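> Got an experimental structure here, sequence first:
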Amino acid sequence: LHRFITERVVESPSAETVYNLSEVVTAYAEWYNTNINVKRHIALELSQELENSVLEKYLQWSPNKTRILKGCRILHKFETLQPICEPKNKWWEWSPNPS
Amino acid sequence: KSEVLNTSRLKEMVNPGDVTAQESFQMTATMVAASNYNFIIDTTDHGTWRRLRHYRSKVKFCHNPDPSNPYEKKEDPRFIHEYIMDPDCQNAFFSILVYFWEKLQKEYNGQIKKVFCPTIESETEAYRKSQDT
Ligand SMILES: Nc1ncnc2c1ncn2[C@@H]1O[C@H](COP(=O)(O)OP(=O)(O)O)[C@@H](O)[C@H]1O
């Protein structure tokens, strides 16, 4: 998930919306399917590690009491930034305490 | 992971009546559930959500303690790797349980619904405010 954040989300300068909250898990599902393996996920708990991730500082709150995003961009494909030792003959001798 | 709790089977694991196997028998067992992740509840009937109790742990046991935070302390894995096989610890724990049960019997006359706890039934109702999509 951290790799997915790095690949698909880089700090947007401005002119970018909050993308709601389901976009992260929606993109992550396809990214995981196309990168590691295909398998189902449950979107409810996948949100928590987003706060546990580096996006904690950028997970803003909403007047509707929901979680929105800030300073984010939905990147895809090839998009750019868009601004010790060895003993004499007996290792089984165990050496001194450092060994 | 997180799991979904089917509304089915709840009544016969919470009820004090007889339950069948199809051999029938009276079931009486205090039931406890704990997890690192959340459950899924989809119901609002007063029959359910009333025989349910919720709590959330606040402390965190980790090897490197963080000062000035009372909600974290150094863990002692020994408590798990050993301290269970000791007969003396089990005897002390059994004494604690019997003392507490006698205290409950002499105070609330064997009724668990009479006992008072502000945090309980307050965090539980807050949880009931959740799990309603
Ligand atoms: N009061 C305490 N003092 C010191 N260490 C504790 C105390 N309570 C628990 N621990 C240690 O902290 C660890 C908690 O891990 P665990 O019980 O597996 O948590 P969880 O079940 O939530 O994963 C245990 O291994 C235990 O040895």
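Arrived safely. Numbers count the residues shown, from 1 in each chain, chains lettered A, B, ... in the order given.

> Can you tell me the closest non-neighbouring residue to residue A:49?
residue A:1 (6.1 Å; C-beta to C-beta, 6 or more residues apart in numbering or on different chains). C-betas here are computed from N, CA, C, even on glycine.

> would you say residue B:126 is within a helix?
Yes: under DSSP: H, G, I helix; E, B strand; the rest coil, residue B:126 sits within a helix.

> Help me confirm that the residue nearest to residue A:49 comes into contact with residue A:53.
Yes: between residue A:1 and residue A:53 there is a contact at 6.6 Å, judged by C-beta atoms under 8 Å.

> Could you name every residue contacting both of the two?
Common neighbours of residue A:1 and residue A:53 are not found (criterion: C-beta atoms under 8 Å, 6 or more residues apart in numbering or on different chains).

> ok so, going back, which ones are touching the residue nearest to residue A:49?
With C-beta under 8 Å, 6+ apart, residue A:1 has these contacts: A:28, A:49, A:53.

> Can you say which of those residues are buried?
residue A:28 (16 or more other C-beta atoms under 10 Å in any protein chain shown).

> Residue A:94 and the ligand, how far apart?
31 Å (C-beta to the nearest ligand atom, to the nearest Å).

> in which helix or strand would I find that residue?
Residue A:94 is part of no helix or strand, with elements assigned from DSSP states H and E.

> Just say helix, strand or coil for residue A:60.
Residue A:60 is classified as strand under three-state DSSP.

> list the helices and strands the helix or strand where residue A:3 lies packs on?
Secondary structure from DSSP H and E places residue A:3 in helix A:2-8. Judged by 3 or more C-beta pairs under 8 Å, 6 or more residues apart in numbering or on different chains; DSSP states H and E, helix A:2-8 is in contact with helix A:22-35.

> any residues touching the helix it packs on, and which ones?
Helix A:22-35 has contacts (C-beta under 8 Å, 6+ apart) with A:1, A:3-4, A:7-8, A:38-39, A:41, A:43, A:46-47, A:50, A:69, A:74.

> Buried residues, it. List them.
Burial within helix A:22-35, assessed by neighbour count using 16+ other C-beta under 10 Å, is assigned to A:24, A:25, A:27, A:28, A:29, A:31, A:32.

> ok now that helix, how far from the chain's centre?
11 Å (C-alpha atoms, centre = their mean, to the nearest Å).

> Just give me the neighbour total for the closest residue in space to residue B:59 that isn't next to it in sequence.
Nearest non-adjacent residue to residue B:59, counting by C-beta to C-beta, 6+ apart: residue B:71, 5.4 Å away. Each residue near residue B:71 was counted by other C-beta atoms under 10 Å in any protein chain shown, and the total is 9.

> Contact residues of chain B facing chain A?
Listed as neighbours of chain A in chain B under the rule C-beta under 8 Å from any C-beta of the partner chain: B:1, B:2, B:37, B:38, B:40.

> among the residues you listed, which ones are buried?
For the residues of chain B next to chain A, buried by 16+ other C-beta under 10 Å: residue B:38.

> Helices along chain B, start to end?
Per DSSP state H, chain B carries helices over the ranges B:10-14, B:78-81, B:87-108, B:123-129.

> buried set for the last one?
For helix B:123-129, burial by neighbour count (16+ other C-beta under 10 Å) applies to B:124, B:127, B:128.
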